[PDB]
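Quick note on this note's numbering: the sequence shown kicks off at 94 and runs consecutively.
One structure below.
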Amino acid sequence: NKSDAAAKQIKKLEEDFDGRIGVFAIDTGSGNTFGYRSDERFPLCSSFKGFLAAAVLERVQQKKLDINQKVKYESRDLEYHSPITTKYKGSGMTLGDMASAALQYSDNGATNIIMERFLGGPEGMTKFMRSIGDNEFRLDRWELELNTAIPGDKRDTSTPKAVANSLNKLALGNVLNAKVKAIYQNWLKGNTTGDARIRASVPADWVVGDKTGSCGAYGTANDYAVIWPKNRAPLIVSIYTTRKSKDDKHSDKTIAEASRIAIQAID
Ligand SMILES: *C(=O)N1C[C@H](NOS(=O)(=O)O)CC[C@H]1C(=O)NC1CCNCC1
Ligand SMILES: [Cl-]
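Right, dumping it as structure tokens:
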């Protein structure tokens, strides 16, 4: 009844903007779920950097890395959109600052730096997801080339569902121990790029941790979130979009609306 109405509204939303919306949304309290295209591949874009953040915290936990060890890169020519790494060019960042910045600011340099030195490249990142039972996630390329969002391209894609379940495992489950889990949570809650997406779909006093992605080709944009409504078990929302023509702009509003529809579906 609600599920049915939610999918009519979604498919009318994708018709309205002439592309493709993928949703999975979970109540971790009532186990109600809503899925639309939830097993299609969409480009990850910047959204994978929320999972990279977790990968970093797992290496810290294993004690291969210290969250406060200094990471230096004076040598380095920073990647387009390294808003945070560029200002710390002379001094170095701590590993934990760098990782948060990858997540919260979508800092490219931080992304590539961490994958080059700490995670074994894009197949390491891929391998990290496999290790938590996610068989859909694939990272093939580095910043910024992973953002081409070419139609029918496998590279640098995942599914709405797989992202949702993974975030569930990472943010809420038993992959990260207690202190490390708290940090990843605080990092997602601090994301700065999400104010027009899943955050716009929910009341002000709901707590939201998020990571967005904007490929900037085929109007490809996404967001995933953990949501803590006051007095309620967290929800996980995961929303991936593409559009039909290459030069079409991403739509913050389609995302926020699909979130609204998905949450009402599962609430
Ligand atoms: C990620 O999707 N990125 C990095 C950055 N933050 O994304 S957001 O969704 O967190 O706002 C902005 C755009 C995007 C990216 O790097 N896109 C490239 C811009 C330059 N060449 C085309 C793709
Ligand atoms: Cl180069």
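Just so it is clear, CB atoms sit at the ideal spot from N, CA and C, and this is done for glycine as well.
By the C-beta criterion, the region 238–249 is judged not to be in contact with the region 280–300, since fewer than 3 inter-stretch pairs fall below 8 Å. Residue 160 carries a coil assignment under DSSP once its states are collapsed to helix, strand and coil.
Annotated three-state conformation of residue 118 is strand, per DSSP. Only exposed fits residue 296, as fewer than 16 other CB atoms lie within 10 angstroms of its CB. At a threshold of 7 Å, residue 237 counts as near ligand 1, since its beta carbon sits closer than that to one of the ligand's heavy atoms. By the neighbour-count criterion, in which a residue is buried when 16 or more other Cβ atoms sit within 10 angstroms of its Cβ, residue 108 is exposed. Looking at the backbone, the Cα of residue 148 and that of residue 225 are separated by about 11 Å. Secondary structure note for residue 247: it is in no beta strand (DSSP E), with a DSSP letter that is neither H nor E. Taking each of 153, 345 and 251 in turn and checking the Cα distance to residue 287, the smallest one comes out for 345. Non-local C-beta neighbours of residue 96 in its own chain, meaning closer than 8 Å and more than five positions away in sequence, comprise 127 and 358, ordered along the chain. In this chain, residue 280 is not harboured by any beta strand (DSSP E); it is covered by the alpha helix (DSSP H) spanning 271–283. DSSP places residue 336 within a strand segment (E or B) once states are collapsed to three. In this structure residue 304 is buried. Its beta-carbon is surrounded by 16 or more other beta-carbon atoms within 10 angstroms.
In the structure shown, residue 136 adopts extended strand secondary structure according to DSSP, grouped into three states.
For residue 189, the number of other beta carbons within 10 angstroms of its own is at least 16, and it is reported as buried. Taking the Cβ of residue 205 as the reference point, every heavy atom of ligand 1 lies at 7 Å or farther away. Residue range 314–321 is occupied by the beta strand (DSSP E) that includes residue 319.
The closest heavy atom of ligand 1 lies 7 Å or more from the beta carbon of residue 352. Residue 140 and residue 324 have their C-alpha atoms some 28 Å from each other. Contact between residue 338 and residue 291 fails: their C-beta atoms lie close to 25 Å from each other, not under 8 Å. For a cut-off of 8 Å, the C-beta gap from residue 178 to residue 202 is around 4 Å, short enough to register as a contact. DSSP places residue 109 inside the alpha helix (DSSP H), whose first and last residues are 95–109. Checking the 7 Å criterion, the Cβ of residue 139 is within range of a heavy atom belonging to ligand 1.
For residue 165, the secondary structure class from DSSP, reduced to helix, strand or coil, is coil.
Annotation for residue 256: the continuous alpha helix (DSSP H) segment containing it runs 253–260. If you ignore the 5 residues before and after residue 285, its C-beta comes within less than 8 Å of the C-beta of 197 and 198, all in its own chain and listed in chain order.
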